[PDB]
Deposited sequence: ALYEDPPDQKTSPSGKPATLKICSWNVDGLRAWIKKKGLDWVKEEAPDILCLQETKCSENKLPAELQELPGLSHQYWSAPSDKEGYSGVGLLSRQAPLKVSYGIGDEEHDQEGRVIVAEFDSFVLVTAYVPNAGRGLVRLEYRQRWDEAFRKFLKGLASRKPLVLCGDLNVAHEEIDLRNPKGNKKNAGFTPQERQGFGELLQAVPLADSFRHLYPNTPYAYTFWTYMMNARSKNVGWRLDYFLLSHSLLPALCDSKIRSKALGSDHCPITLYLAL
């Protein structure tokens, strides 16, 4: 009940070598995550693209160490205008995207960055948490609806990759305590249906569950409290979701459960494009 992520499959079903490595990480405080050596892990992981969520850092206070990642030299950031010490997402890339946009066209929450690359469109997202005591479930629901729609008017062109902290465990297989949470932010019936509607409407596939439909105990977040992380008492809240057109390029989708720095761990996608 502790999990041991399988080894990296760097070759596709069709037998092609992976060409693109995307890593996503909810850093839950970018500056503190940097002080806990996050960039040291990323330098080692060496993705072609890195997405970060819950940065809690204005553009003005972005530590200069970020510029010390020259293989990820094109960096895009999004923060909420009025709110400080809240949300915030980032997308760091080896090559410049052809176009970068921010938000989902309502408005500013600093949760979504859209980057169009050569062969596909990457969205990273820090989905609103429903709140302790579901105090913001009703904001999460409108966000879910709005997001689904925005994404539909998006994957019409090129295939999609959507990664990030989606703040929902989809099925019971995705957390350790399904029964003790069916009314807690992240496993309510509304949220889980939002995630099912997300996969239906766009459509997308859960990259990890596609390759590991039976694997239990595979989580990406553990509360800092108790010793949930050591006890692997956690949730799978961080995803790579993919257009079906991409599934044939899908080499592997990982959970880097050993990487510290936050109450989430990184996840890494390998695509053969």
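Residues of the deposited sequence lacking C-alpha coordinates fall in a single stretch, 108-110, numbered from 1.
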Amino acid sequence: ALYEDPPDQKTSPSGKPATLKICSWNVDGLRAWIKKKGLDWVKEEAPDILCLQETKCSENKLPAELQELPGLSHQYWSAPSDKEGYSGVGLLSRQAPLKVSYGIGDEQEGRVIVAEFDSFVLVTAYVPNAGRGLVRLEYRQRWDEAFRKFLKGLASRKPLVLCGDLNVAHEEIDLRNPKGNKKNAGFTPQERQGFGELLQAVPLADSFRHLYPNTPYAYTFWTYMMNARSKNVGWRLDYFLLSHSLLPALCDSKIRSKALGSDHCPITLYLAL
From here on, numbers count along this sequence of modelled residues.
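Compared with other entries of the same protein, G105 falls in the group left without coordinates by at least a third of them, where both flanks are modelled.
Residue-level annotation: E84 lacks coordinates in a third or more of the other entries compared, counting only those that model residues on either side of it. Averaged over CA atoms, B-factors in the entry run higher in 187-195 than in the other of 187-195 and 160-168. For the two regions 30-38 and 60-68, the entry's Cα B-factors average higher over 60-68. The maximum CA B-factor among the listed residues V135, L91, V127, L98, taken from the PDB record, is found at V135. Sort the chain's modelled residues by C-alpha temperature factor and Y76 lands in the lowest third, per the entry. Ranked by C-alpha B-factor against the other modelled residues of its chain, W143 falls in the highest third. In this PDB entry, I173 carries a Cα temperature factor that places it within the middle third of its chain's modelled residues. Per-chain ranking of the deposited C-alpha B factor places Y86 in the highest third.
Per the deposited record, the Cα B-factor of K16 falls in the highest third when ranked against the other modelled residues of its chain.
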